[PDB]
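1. Let me give you the complex in parts, starting here:
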Amino acid sequence: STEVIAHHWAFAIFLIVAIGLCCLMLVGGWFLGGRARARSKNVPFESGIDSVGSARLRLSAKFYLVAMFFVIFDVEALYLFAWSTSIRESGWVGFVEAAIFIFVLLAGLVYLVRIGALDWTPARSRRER
Amino acid sequence: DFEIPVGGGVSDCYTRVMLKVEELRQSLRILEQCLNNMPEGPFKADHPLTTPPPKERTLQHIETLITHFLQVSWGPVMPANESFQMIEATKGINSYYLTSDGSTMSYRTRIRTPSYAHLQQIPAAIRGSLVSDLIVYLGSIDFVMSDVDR
């Protein structure tokens, strides 16, 4: 109808003026103000002294397992997103099935917590002693 | 009269912080005792080597003027001896070790500071920890680099 077309045009103009304001702001920031000519300008900031190597080294991380579990639990979350918008029309059978769903989720999370997963802290401190 | 805070046997950051809080409270107690009971006497010793001499006697006596004149120009002449004084500083134990060659300067001045020892201890107590633990440990040592390097 008319109101849907009006809201679509309003959303399009909202996005267009948002990107235009951001790009104009960047252009005004880039074009106004003088530049610099210094010896140590193009050095990454490491608190006043030079780097040992570079900033692009192979950094380790302990967040890998939590990242995969985050993706899995977000997929379970999207299932619950699909469930939650139609709870009333699903009836009690859908409530029982979603209860089984959330119980499997809880059992998986307790399994993750107890086996040592979701625990990547260094063994030195661990907030102990 | 003032109590001494002693921890339970381990040096956490929290333990050090609340020991310093209790030290602040003890210092408040000492200040209260000093304020309520204050003597009425001299603010300088009557020793001839007291530097500087009292100001009014400098201004209207000639022996005191001579003593002040020779004590601010060349300096007081301490005899050739060796002295040491160790005190409890705000950050630990601070000690002065002074060797005099009999001149008006110190032949040797040695200043022991606690932050030097704490900073040397730092690798043995933060190894294996996180950077956040290192930041909290740095915040809970009570060190200044003027004390460390002198």
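-> Done, it's in. Numbering: from 1, shown residues only, chains lettered A, B, ... in the order given.
2. what distance separates whichever strand or helix holds residue A:108 from the centre of its chain?
-> Here residue A:108, judged by DSSP states H and E, is contained in helix A:87-114. Here the centre of helix A:87-114 is set off from its chain's centre by 25 Å, with Cα atoms, centre = their mean, to the nearest Å.
3. Now do the buried residues in that helix.
-> Neighbour-count burial for helix A:87-114 flags A:98, A:105, A:112 (criterion: 16 or more other Cβ atoms under 10 Å in any protein chain shown). Placement of C-beta: from N, CA and C, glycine included.
4. And stretch B:51-66, by the same measure?
-> B:53, B:54, B:58, B:64.
5. cool, and stretch B:125-143?
-> B:126, B:129, B:133, B:136, B:137, B:140, B:141, B:142, B:143.
6. And stretch B:22-36, by the same measure?
-> Buried, per 16+ other Cβ under 10 Å, within stretch B:22-36: residue B:23.
7. Please export the C-alpha coordinates of it as PDB.
-> The C-alpha coordinates for stretch B:22-36 follow below in PDB (Å, rounded to 0.1, in the frame of the first residue of the first chain):
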ATOM      1  CA  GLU B  22      45.500  -0.600  58.000                       C
ATOM      2  CA  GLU B  23      48.900   1.200  57.900                       C
ATOM      3  CA  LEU B  24      47.100   4.400  56.900                       C
ATOM      4  CA  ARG B  25      44.700   3.900  59.800                       C
ATOM      5  CA  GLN B  26      47.700   3.400  62.100                       C
ATOM      6  CA  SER B  27      49.300   6.500  60.800                       C
ATOM      7  CA  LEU B  28      46.000   8.400  61.500                       C
ATOM      8  CA  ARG B  29      46.200   7.000  65.100                       C
ATOM      9  CA  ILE B  30      49.800   8.200  65.400                       C
ATOM     10  CA  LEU B  31      48.800  11.700  64.100                       C
ATOM     11  CA  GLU B  32      46.000  11.800  66.600                       C
ATOM     12  CA  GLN B  33      48.300  10.900  69.500                       C
ATOM     13  CA  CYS B  34      50.800  13.600  68.300                       C
ATOM     14  CA  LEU B  35      48.100  16.200  68.000                       C
ATOM     15  CA  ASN B  36      46.600  15.600  71.400                       C
END
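8. mind adding chain C? sequence follows:
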Amino acid sequence: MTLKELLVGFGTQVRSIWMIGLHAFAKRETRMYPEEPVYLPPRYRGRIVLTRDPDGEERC
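-> With chain C added, the chains above now look like this:
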């Protein structure tokens, strides 16, 4: 973690929020330099001057 620890911690955070709000309801402790002059004790060690005798000549 222990549920008692979680409840105690949550109470601690809302308590701290309450103290900071009560600080916001309190009196400002500023000294508006340079609108109001900074009070100094008479024996304060600031700028160095050379003075004069009561008779008008310089005392150095």
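9. about what we covered before: quick one: list the elements packing against the helix holding residue A:108.
-> Applying 3 or more Cβ pairs under 8 Å, 6 or more residues apart in numbering or on different chains; DSSP states H and E, one finds that helix A:87-114 contacts helix A:64-84.
10. what distance separates the helix it packs on from the centre of its chain?
-> So, by Cα atoms, centre = their mean, the centroid of helix A:64-84 is 13 Å from its chain's centroid.
11. List the contacts of residue A:34.
-> Neighbour list for residue A:34: empty [criterion: Cβ atoms under 8 Å, 6 or more residues apart in numbering or on different chains].
12. actually residue C:42, not the one I typed
-> Taking Cβ under 8 Å, 6+ apart, one finds nothing in contact with residue C:42.
13. Hmm, residue B:44 and residue B:50 touching each other?
-> Yes. Shown here, residue B:50 and residue B:44 form a contact pair, counting by Cβ atoms under 8 Å, at 5.5 Å.
14. what sits against residue B:57?
-> residue B:64.
15. And what about whichever residue of chain A sits closest to chain B, helix, strand or coil?
-> Nearest residue of chain A to chain B, counting by Cβ to the nearest Cβ: residue A:124, 3.3 Å away. Using DSSP: H, G, I helix; E, B strand; the rest coil, the structure places residue A:124 in coil.
16. Chain D comes next; put it on the structure above:
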Amino acid sequence: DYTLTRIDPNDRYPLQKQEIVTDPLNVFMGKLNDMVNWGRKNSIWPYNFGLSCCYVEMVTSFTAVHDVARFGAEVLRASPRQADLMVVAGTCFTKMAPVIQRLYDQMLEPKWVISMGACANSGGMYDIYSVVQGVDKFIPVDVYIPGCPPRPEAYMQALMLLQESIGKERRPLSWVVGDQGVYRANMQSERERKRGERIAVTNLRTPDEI
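-> Once chain D is put in with the chains from before, the structure reads:
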């Protein structure tokens, strides 16, 4: 009654040339430059750099009992790129002069330098082998503060002096059009200005009073 500095890396620090020039100040460009200078002097972002005692007094000035935030100078960025003011508050040690030079080079113009304390002004009480006698041996300093340590309102007064210096200086509006040299006003010294009010002081309060 101005001065011009032009910078170029390609021997001895500071790598700049300074001369004594005349103010060129345009029915709209002058007011535009005045507006830019007003905006620059009414918002200063000091660098969170500290060396010694004088930094402790600077952050004492930063607190709620003096409130330098009223001048728009509480932002205190820890990165040289985001900062707009280097306050050398402490001793310029020999081993840190390369570090201070690097941190000044990583900073971006519009940049200003405030020496705080006798160590930063001249080396101060430490006429020693391991201290550079004054931080102005290698970086240009805009505002100087005597003291050891300077009291917090002295740092605030130096901030206002820097604001007056910014408010009467000429800088390029854009880096593509116009001259890129920096014009700084040769203002009258505060010693000469305050000689009128300083010699006339007759009686002070005796030290035995509180």
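17. and the contacts of residue C:42, now that chain D is in?
-> Residue C:42 touches D:204, D:205, D:206, D:207, D:209, D:210, counting by Cβ under 8 Å, 6+ apart.
18. which one among those gets closest to chain A?
-> residue D:207 (43.6 Å).
19. I figured the closest one hits residue C:45, correct?
-> No. The criterion here is Cβ under 8 Å, and residue D:207 misses it with residue C:45 at 10.2 Å.
20. does chain B sit close to whichever helix or strand residue D:105 is part of?
-> Under the criterion of DSSP H and E, residue D:105 resides in helix D:97-106. No. On the criterion Cβ under 8 Å from any Cβ of the partner chain, helix D:97-106 is out of touch with chain B, staying 13.3 Å away.
21. what lines up beside the helix or strand following that helix in the sheet?
-> Using DSSP H and E, the helix or strand that follows helix D:97-106 in sequence is strand D:113-116. Next to strand D:113-116 in the sheet, as set by DSSP bridges, lie strand D:86-89 (parallel), strand D:143-145 (parallel).
22. List the contacts of strand D:113-116.
-> Counting by Cβ under 8 Å, 6+ apart, D:54, D:57-58, D:85-90, D:104, D:121, D:134-136, D:139-145, D:147, D:149-150, D:155, D:158-159, D:162 sit against strand D:113-116.
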